[PDB]
Amino acid sequence: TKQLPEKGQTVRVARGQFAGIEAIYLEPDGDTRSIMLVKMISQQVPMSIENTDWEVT
């Protein structure tokens with residue numbers, strides 16, 4: 001029985017449009033949605049993704 005990731009948790013996006021990108025878990029916005037901080041080479045930008053798109057280990 002695994003529990004959803006907590007704020008400050010690292011998650012790797014594998015499925016979805018942002019699949020293949022790293023994101024930091026922040027707050028579980030919705031059971032099918034979630035808010036994570038995405039960093040880029042130009043600037044960092046927080047975005048929301050669904051666990052079905054990213055997984056946590």
# chains A, B, ... in the order shown; residues from 1 in each chain; ligands from 1
$ residues_around --residues "stretch 10-14 of chain A" --least-positions-apart "6" --cutoff "7 Å" --atoms "only C-alpha atoms" --output "list in words"
residues 20, 21, 22, 23, 24, 25, 53, 54, 55 and 56 of chain A
$ write_last_selection --atoms "C-alpha atoms" --output "mmCIF file, in the first residue's frame"
data_model
loop_
_atom_site.group_PDB
_atom_site.id
_atom_site.type_symbol
_atom_site.label_atom_id
_atom_site.label_comp_id
_atom_site.auth_asym_id
_atom_site.auth_seq_id
_atom_site.Cartn_x
_atom_site.Cartn_y
_atom_site.Cartn_z
ATOM 1 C CA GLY A 20 10.359 12.610 -19.567
ATOM 2 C CA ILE A 21 10.735 15.646 -17.272
ATOM 3 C CA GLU A 22 11.671 16.003 -13.582
ATOM 4 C CA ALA A 23 9.259 17.760 -11.193
ATOM 5 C CA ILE A 24 9.079 18.368 -7.424
ATOM 6 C CA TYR A 25 5.809 17.299 -5.764
ATOM 7 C CA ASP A 53 1.640 11.052 -15.826
ATOM 8 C CA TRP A 54 4.448 10.945 -13.233
ATOM 9 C CA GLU A 55 5.382 8.235 -10.705
ATOM 10 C CA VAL A 56 7.263 8.284 -7.380
#
$ select_by_dssp --residues "chain A" --states "strand (DSSP E)" --output "ChimeraX atom specification"
/A:9-13,21-27,34-38,45-49,54-55
$ residues_around --residues "residue A:4" --least-positions-apart "4" --cutoff "12 Å" --atoms "only C-alpha atoms" --output "PyMOL selection string"
chain A and resi 9-11+25-34+50-52+54-57
$ atom_distance --atom1 "atom CA of residue A:16" --atom2 "atom CA of residue A:39"
17.0 Å
$ atom_distance --atom1 "atom CA of residue A:2" --atom2 "atom CA of residue A:46"
24.7 Å
$ atom_distance --atom1 "atom CA of residue A:7" --atom2 "atom CA of residue A:45"
15.9 Å
$ closest_residue --among "A:17, A:8, A:1, A:47" --to "residue A:35" --atoms "only C-alpha atoms"
A:47
